[PDB]
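Engineer: When you line the sequence shown up against the UniProt record's numbering, it's residues 81 to 171, 238 to 276, 280 to 495, in that order.
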Amino acid sequence: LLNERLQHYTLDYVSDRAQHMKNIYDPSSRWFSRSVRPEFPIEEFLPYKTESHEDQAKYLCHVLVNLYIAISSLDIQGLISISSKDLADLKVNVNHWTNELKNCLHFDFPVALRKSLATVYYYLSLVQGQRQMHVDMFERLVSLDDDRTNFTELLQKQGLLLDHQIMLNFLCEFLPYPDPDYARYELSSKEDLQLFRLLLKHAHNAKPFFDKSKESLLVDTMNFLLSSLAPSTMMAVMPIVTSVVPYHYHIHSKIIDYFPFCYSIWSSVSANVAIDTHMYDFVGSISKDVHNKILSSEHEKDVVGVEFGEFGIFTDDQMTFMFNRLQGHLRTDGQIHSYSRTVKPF
Numbered sequence: 081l082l083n084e085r086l087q088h089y090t091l092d093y094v095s096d097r098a099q100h101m102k103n104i105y106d107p108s109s110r111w112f113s114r115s116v117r118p119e120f121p122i123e124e125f126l127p128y129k130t131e132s133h134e135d136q137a138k139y140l141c142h143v144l145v146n147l148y149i150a151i152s153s154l155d156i157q158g159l160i161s162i163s164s165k166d167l168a169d170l171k238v239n240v241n242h243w244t245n246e247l248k249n250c251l252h253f254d255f256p257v258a259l260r261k262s263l264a265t266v267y268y269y270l271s272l273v274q275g276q280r281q282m283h284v285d286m287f288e289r290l291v292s293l294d295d296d297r298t299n300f301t302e303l304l305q306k307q308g309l310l311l312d313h314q315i316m317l318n319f320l321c322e323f324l325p326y327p328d329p330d331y332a333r334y335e336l337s338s339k340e341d342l343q344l345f346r347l348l349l350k351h352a353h354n355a356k357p358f359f360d361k362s363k364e365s366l367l368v369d370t371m372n373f374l375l376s377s378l379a380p381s382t383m384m385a386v387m388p389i390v391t392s393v394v395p396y397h398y399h400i401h402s403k404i405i406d407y408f409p410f411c412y413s414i415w416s417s418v419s420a421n422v423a424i425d426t427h428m429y430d431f432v433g434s435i436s437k438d439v440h441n442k443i444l445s446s447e448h449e450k451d452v453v454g455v456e457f458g459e460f461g462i463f464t465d466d467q468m469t470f471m472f473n474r475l476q477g478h479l480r481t482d483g484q485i486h487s488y489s490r491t492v493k494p495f
């Protein structure tokens, strides 16, 4: 029974210690877990022998089974506690096992189990009717830099795909509704604003895993957001645009194609924090992504359509406008919210 569940979770973990250590860093191995071996071993200098990787596999399998039992019971808030008497009369807590998984994250589990957990915690973070911990768990599962190992790239190569529509609907629930009383969320309540920011962060984390084979997702999403754009909804539209729209480069449609429209709103208004943000962020993130994919030739370079010229992916007028707005911020208005994201495009 235990062996079958270990095999299902890809936790076989052959008894040979050196062979297992070589396998966990081998991309072609079944138990591939990490790309870069730590130059300084993670406290391998302890004066005593720790537990083997076989015990870690059993503990992780037990945690996964308990987490599945807890989640499948459809009691996410954990207000109901079951004892042995409750089960006996007939004839489990999501947060507890999430904390257990957070503790166990240092066991270096294989990438397939990482994909399964990433899917589980991506779809667990969007439960309604029954939250920050789940978002943090998903973010840690897809961490960009973990001992100089990019888990997002490994999960993409494993073939991890997530549903864009559920996230888009959850984000769009904050748009105005024709009937005022039947509106779950608004943008005036502090709790609603915090939930909106949390959803934006989760969407930003889950964005790279959207299906790139759906060559119409970008166009449809951008058309919907453009048709939803209005002065009474721009404060909600712009962060959604910058957080949920994936960076897809097709022959017919590219994200760069939407650059002028943003500048249309950028040059038509005065310097303000609410509008200058979501403009530096979007363009800077896109430029950094283009640069990283160009430097990732033969492994992740499919952006041959987009060139990196004199000003990267910017025209002369766009760069001049950005520099003039930056000097206006530095000398006249000071309308800068985040400085790292402001300097990223430059």
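Backbone N, C-alpha and C define an ideal beta-carbon position, used for all residues, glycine too.
Can you list, in chain order, the residues of its chain whose CB lies under 8 Å from that of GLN314, leaving out five sequence neighbours each side?
Structural biologist: Here the question's residue 314 lines up with position 165 in the sequence shown. There are no such residues.
Engineer: Cβ of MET316 within 9 Å of Cβ of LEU270?
Structural biologist: Stepping through the sequence shown from its first residue, residue 316 is reached at position 167. Stepping through the sequence shown from its first residue, residue 270 is reached at position 124. For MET316 and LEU270, no; Cβs fall outside 9 Å.
Engineer: I need the DSSP call for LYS442, collapsed to helix, strand or coil.
Structural biologist: For the purposes of this step, residue 442 is taken as residue 293 along the sequence shown, with counting starting at 1. Of the three classes helix, strand and coil, the one that applies to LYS442 here is helix, per DSSP.
Engineer: With a cut-off of 8 Å on the beta carbons, I'd call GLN276 and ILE156 a contact; round off their distance for me.
Structural biologist: On the sequence shown, position 130 is the one that residue 276 refers to. On the sequence shown, position 76 is the one that residue 156 refers to. Rounded, the Cβ-Cβ distance is 4 Å, consistent with contact.
Engineer: What residue ranges within the region 372-401 form continuous beta strand (DSSP E) runs of no fewer than 3 residues, ordered along the chain?
Structural biologist: With a minimum length of 3 residues, no continuous beta strand (DSSP E) run stays inside the region 372-401.
Engineer: Taking the straight line between their C-alpha atoms, what separation do you get for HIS440 and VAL145?
Structural biologist: Reading the sequence shown from its first residue, position 291 is the one you call residue 440. Reading the sequence shown from its first residue, position 65 is the one you call residue 145. Taking the straight line joining both Cα atoms gives about 42 Å.
Engineer: What number of angstroms, rounded off, separates the C-alpha of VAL452 from the C-alpha of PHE112?
Structural biologist: Position 303 of the sequence shown holds residue 452. Position 32 of the sequence shown holds residue 112. Spanning the two alpha carbons is a distance of roughly 28 Å.
Engineer: Is the number of C-beta pairs between the region 407-426 and the region 350-361 that are closer than 8 Å three or more?
Structural biologist: No: fewer than three Cβ pairs fall under 8 Å.
Engineer: For the putative contact between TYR105 and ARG117, defined by C-beta atoms under 8 Å, what is the C-beta separation to the nearest angstrom?
Structural biologist: Here the question's residue 105 lines up with position 25 in the sequence shown. Here the question's residue 117 lines up with position 37 in the sequence shown. Confirmed, about 5 Å.
Engineer: Closer than 8 Å is the cut-off here; do at least three beta carbon pairs connect the region 83-98 with the region 127-143?
Structural biologist: Yes, the region 83-98 touches the region 127-143.
Engineer: Could you pull the start and end residues of the alpha helix (DSSP H) that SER113 belongs to?
Structural biologist: Stepping through the sequence shown from its first residue, residue 113 is reached at position 33. Run containing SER113: none; DSSP gives neither H nor E here.
Engineer: Since I believe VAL240 is in contact with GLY158 (beta carbons under 8 Å), could you give me their beta-carbon distance rounded to a whole number of angstroms?
Structural biologist: Counted from its first residue, the sequence shown places residue 158 at position 78. Counted from its first residue, the sequence shown places residue 240 at position 94. Contact holds; Cβ gap of about 6 Å.
Engineer: Quick one, which of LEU293, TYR267 and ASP465 has its alpha-carbon nearest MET282's?
Structural biologist: Taking the sequence shown and counting its residues from 1, the one referred to as residue 282 is at position 133. Considering only alpha carbons, the answer is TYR267.
Engineer: By the 10 Å Cβ neighbour count, where 16 or more other Cβ atoms means buried, how is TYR331 classified, buried or exposed?
Structural biologist: Indexing the sequence shown from 1 puts residue 331 at position 182. Per the 10 Å Cβ criterion, exposed.
Engineer: Measuring alpha carbon to alpha carbon, tell me which of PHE373, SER487, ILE389 and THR370 ends up nearest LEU347.
Structural biologist: For the purposes of this step, residue 347 is taken as residue 198 along the sequence shown, with counting starting at 1. Nearest of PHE373, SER487, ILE389 and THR370 to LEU347, Cα basis: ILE389.
Engineer: Around the Cβ of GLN467, are there at least 16 other Cβ atoms within 10 angstroms (buried) or fewer (exposed)?
Structural biologist: The residue you call residue 467 lines up with position 318 of the sequence shown. It counts as buried.
Engineer: Can you list, in chain order, the residues of its chain whose CB lies under 7 Å from that of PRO494, leaving out five sequence neighbours each side?
Structural biologist: As a first step, residue 494 must be located in the sequence shown, where it is residue number 345. Within the same chain, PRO494 has close Cβ partners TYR429, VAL432, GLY433, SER436 and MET471.
Engineer: With distances taken from CA atoms, which of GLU246, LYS261 and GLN476 is nearest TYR139?
Structural biologist: The residue you call residue 139 lines up with position 59 of the sequence shown. It is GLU246.
Engineer: Check the C-beta distance from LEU304 over to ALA264 and give it rounded, since I have them as a contact under 8 Å.
Structural biologist: If you number the sequence shown from 1, residue 304 lands on position 155. If you number the sequence shown from 1, residue 264 lands on position 118. 6 Å between Cβ atoms; contact.
Engineer: Taking the alpha carbon of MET387 as the reference point, which residue from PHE460, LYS165 and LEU374 has its own alpha carbon closest?
Structural biologist: By one-based count along the sequence shown, residue 387 stands at place 238. Among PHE460, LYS165 and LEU374, the Cα nearest to that of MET387 belongs to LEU374.
Engineer: Figure out for me which residue from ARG297, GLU335 and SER487 has the closest Cα to the Cα of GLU119.
Structural biologist: As a first step, residue 119 is located in the sequence shown; it is residue number 39 there, counting from the start. When each option's Cα is compared against that of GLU119, the closest is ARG297.
Engineer: Tell me the rounded alpha-carbon separation between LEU81 and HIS88.
Structural biologist: Along the sequence shown, one-based indexing puts residue 81 at 1. Along the sequence shown, one-based indexing puts residue 88 at 8. If you take the alpha carbons of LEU81 and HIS88, they lie about 11 Å apart.
Engineer: With a CB to CB cut of under 7 Å and the five nearest residues on each side skipped, what residues in its chain are close to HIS242?
Structural biologist: Locating residue 242 in the sequence shown gives position 96, counting from the first residue. If we look at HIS242 and ignore the five residues flanking it on each side, it has no Cβ neighbours.
Engineer: Taking all protein chains shown into account, do 16 or more other C-beta atoms lie within 10 angstroms of the C-beta of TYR148, making it buried, or fewer, making it exposed?
Structural biologist: Here residue 148 refers to the residue found at position 68 of the sequence shown. Exposed: under 16 other Cβ atoms inside 10 Å.
Engineer: I need the DSSP call for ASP312, collapsed to helix, strand or coil.
Structural biologist: In the sequence shown, counting from the first residue as 1, residue 312 sits at position 163. Residue state, collapsed to three classes: coil.
Engineer: Buried or exposed for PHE300, going by 16 or more other Cβ atoms inside 10 Å?
Structural biologist: For this step, residue 300 is matched to residue 151 along the sequence shown. It is buried - the Cβ of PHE300 has at least 16 other Cβ atoms within 10 Å.
Engineer: Can you give the Cα-Cα distance for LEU324 and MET384, rounded to whole angstroms?
Structural biologist: If you number the sequence shown from 1, residue 324 lands on position 175. If you number the sequence shown from 1, residue 384 lands on position 235. Answer to the nearest angstrom: the Cα atoms are 10 Å apart.
Engineer: Expressed to the nearest angstrom, what Euclidean distance is found between the alpha-carbon atoms of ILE405 and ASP254?
Structural biologist: Position 256 of the sequence shown, counting from 1, holds the residue named residue 405. Position 108 of the sequence shown, counting from 1, holds the residue named residue 254. So the two alpha carbons sit approximately 38 Å from each other.
Engineer: What distance in whole Å lies between the Cβ atoms of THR426 and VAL394, which are believed to be in contact at a cut-off of 8 Å?
Structural biologist: Counting from one through the sequence shown, the residue named residue 394 turns up at place 245. Counting from one through the sequence shown, the residue named residue 426 turns up at place 277. With a Cβ gap of about 16 Å, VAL394 and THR426 do not count as contacting.
Engineer: Looking only at its own chain, which residues have a Cβ that is under 7 Å from the Cβ of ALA352, when we skip the five neighbours before and after it?
Structural biologist: Taking the sequence shown and counting its residues from 1, the one referred to as residue 352 is at position 203. If we look at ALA352 and ignore the five residues flanking it on each side, its Cβ neighbours are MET316, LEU320, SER392 and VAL393.
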